[PDB]
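First up is the structure itself, then whatever we jot down about it.
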Amino acid sequence: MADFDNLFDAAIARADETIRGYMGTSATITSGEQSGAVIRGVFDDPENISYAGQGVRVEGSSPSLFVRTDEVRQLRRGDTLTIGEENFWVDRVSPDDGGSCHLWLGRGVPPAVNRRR
């Protein structure tokens with residue numbers, strides 16, 4: 001006793017990707033005309049509660065970014081990561097042990113559309 005059969009199929013094209021990164025603060029590195037990778041950085045501000053007096057037209061604020069030597073190693077110097085608020089590039093961070101770097105990064109808003117007060 002035996003049997004047999006047949007069939008057909010096709011062929012197309014696709015892509016690939018990866019998803020992994022959970023240690024510190026969730027961030028999305030973005031320093032280019034159009035970029036968005038996985039980064040673990042956190043922005044630290046001196047005092048969310050601050051004002052002027054309807055005097056100055058432009059203010060300045062540069063929070064701190066907490067990342068690991070490795071996490072920051074995969075990137076270059078001047079990479080503005082958008083986390084919590086907006087992509088912010090860090091000047092230079094130098095950890096001491098266990099990937100613990102922190103430096104005041106500069107502001108940076110992506111090309112995305114955001115509502116202003």
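Ordered as shown in the structure tokens, chains take letters A, B, and onward, while each chain numbers its residues from 1 and ligands are numbered from 1 in the order shown.
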
Q. Using the chain letters and numbers from this document, which residues of stretch 30-110 of chain A does DSSP assign to helix (DSSP H, G or I), as a VMD selection string?
A. chain A and resid 69 to 73

Keeping only N, CA, C and O atoms, write those residues as a PDB file, in the first residue's frame.
ATOM      1  N   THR A  69      28.688  52.685  29.171  1.00  0.00           N
ATOM      2  CA  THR A  69      29.807  52.792  28.243  1.00  0.00           C
ATOM      3  C   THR A  69      29.531  52.019  26.959  1.00  0.00           C
ATOM      4  O   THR A  69      29.784  52.513  25.861  1.00  0.00           O
ATOM      5  N   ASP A  70      29.011  50.805  27.104  1.00  0.00           N
ATOM      6  CA  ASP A  70      28.699  49.965  25.955  1.00  0.00           C
ATOM      7  C   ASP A  70      27.580  50.579  25.119  1.00  0.00           C
ATOM      8  O   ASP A  70      27.721  50.754  23.909  1.00  0.00           O
ATOM      9  N   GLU A  71      26.470  50.906  25.774  1.00  0.00           N
ATOM     10  CA  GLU A  71      25.328  51.499  25.091  1.00  0.00           C
ATOM     11  C   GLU A  71      25.741  52.756  24.329  1.00  0.00           C
ATOM     12  O   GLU A  71      25.276  53.003  23.216  1.00  0.00           O
ATOM     13  N   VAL A  72      26.619  53.546  24.937  1.00  0.00           N
ATOM     14  CA  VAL A  72      27.097  54.778  24.319  1.00  0.00           C
ATOM     15  C   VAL A  72      28.230  54.495  23.338  1.00  0.00           C
ATOM     16  O   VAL A  72      28.496  55.290  22.436  1.00  0.00           O
ATOM     17  N   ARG A  73      28.893  53.359  23.520  1.00  0.00           N
ATOM     18  CA  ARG A  73      29.999  52.971  22.651  1.00  0.00           C
ATOM     19  C   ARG A  73      29.500  52.661  21.242  1.00  0.00           C
ATOM     20  O   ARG A  73      30.129  53.040  20.255  1.00  0.00           O
TER      21      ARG A  73
END

Please provide the set of residues having any atom within 12 Å of residue A:112, restricted to only C-alpha atoms, with same-chain residues fewer than 5 positions apart removed, written as a ChimeraX atom specification. /A:30,33-36,82,86-87

Next on the checklist: If we count only C-alpha atoms and set the cut-off at 8 Å, which residues sit around stretch 42-54 of chain A, ignoring sequence neighbours fewer than 6 positions away in its own chain? Please answer as a count of residues only.
Outcome noted: 12

Inset, instruction - Mind giving me the straight-line distance from atom CA of residue A:79 to atom CA of residue A:31 in Å, one decimal? - result: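 Between these atoms lies a distance of 5.5 Å.
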
Considering only C-alpha atoms, return as a PyMOL selection string whatever protein or nucleic-acid residues lie within 12 Å of residue A:32, sequence-local ones (same chain, fewer than 5 positions apart) excluded. chain A and resi 37+78-82+87-89+108-111

Using only C-alpha atoms, the shortest atom-to-atom distance to residue A:105 among A:17, A:61, A:75, A:85 belongs to A:61

| Which residue out of A:19, A:8, A:55, A:68 has the minimum interatomic distance to residue A:94 when only C-alpha atoms are used? |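 Looking only at the distances to residue A:94, the closest residue turns out to be A:68.
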
Between atom CA of residue A:28 and atom CA of residue A:99, what is the distance, to one decimal in Å?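 Rounded to one decimal, the two atoms are 18.1 Å apart.
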
A straight line from atom CA of residue A:95 to atom CA of residue A:18 spans 27.2 Å
